[PDB]
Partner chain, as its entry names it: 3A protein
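In the block that follows, a single chain appears as structure tokens, in the form solved without the partner chain.
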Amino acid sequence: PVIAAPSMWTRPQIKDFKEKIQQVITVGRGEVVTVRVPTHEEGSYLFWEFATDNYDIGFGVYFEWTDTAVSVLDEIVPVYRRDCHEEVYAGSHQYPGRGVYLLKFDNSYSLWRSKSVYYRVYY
């Protein structure tokens, strides 16, 4: 089981990222949204970008060995609170093999606030 280290960065241009995203996920007050993004035999990589309005949210990535679902295994990125309300959080990961990626928008730590998740998955 060979797992490539993922790469992660940020971008300042969040207003505009959001703006052309809107042309969007509501994560509940204490819920967890799981976007399942199956691999490609044609692509080699997963690219992702996401941002939120006003409040941070937990982000994490896992790999489900199984052959886009959006719902309410091996670890790529651990699930941590991320300031994707101030900047756009982006990342890549090399396919480990074939399967489905688990993008985890975790708002379970929130008690009163829902989150608006603007995201993108590429190529």
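Only residues modelled in both forms are compared. Between two forms, the rigid core is defined as the largest C-alpha subset superposing within 1.5 Å. Positions refer to the first chain, counted from 1.
The form deposited with the partner chain bound is left out here; the points below concern that form.
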| property | result |
| --- | --- |
| The partner chain contact at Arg113 in the deposited bound form, heavy atom, 4.5 Å | no |
| 4.5 Å heavy atom contact, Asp56 and the partner chain in the deposited bound form | no |
| Contact test in the deposited bound form: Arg98 vs the partner chain, heavy atoms, 4.5 Å | no |
| In the deposited bound form, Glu31 touching the partner chain (heavy atom, 4.5 Å) | yes |
| In the deposited bound form, residues of 18-57 near the partner chain [heavy atom within 4.5 Å] | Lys20, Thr26, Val27, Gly28, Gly30, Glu31, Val32, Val33, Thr34, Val35, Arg36, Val37, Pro38, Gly43, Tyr45, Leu46, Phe47, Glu49 |
| Residue ranges moving between the shown form and the other one (criterion: at least three consecutive CA positions shifted 2 angstroms or more, core aligned) | 41-43 |
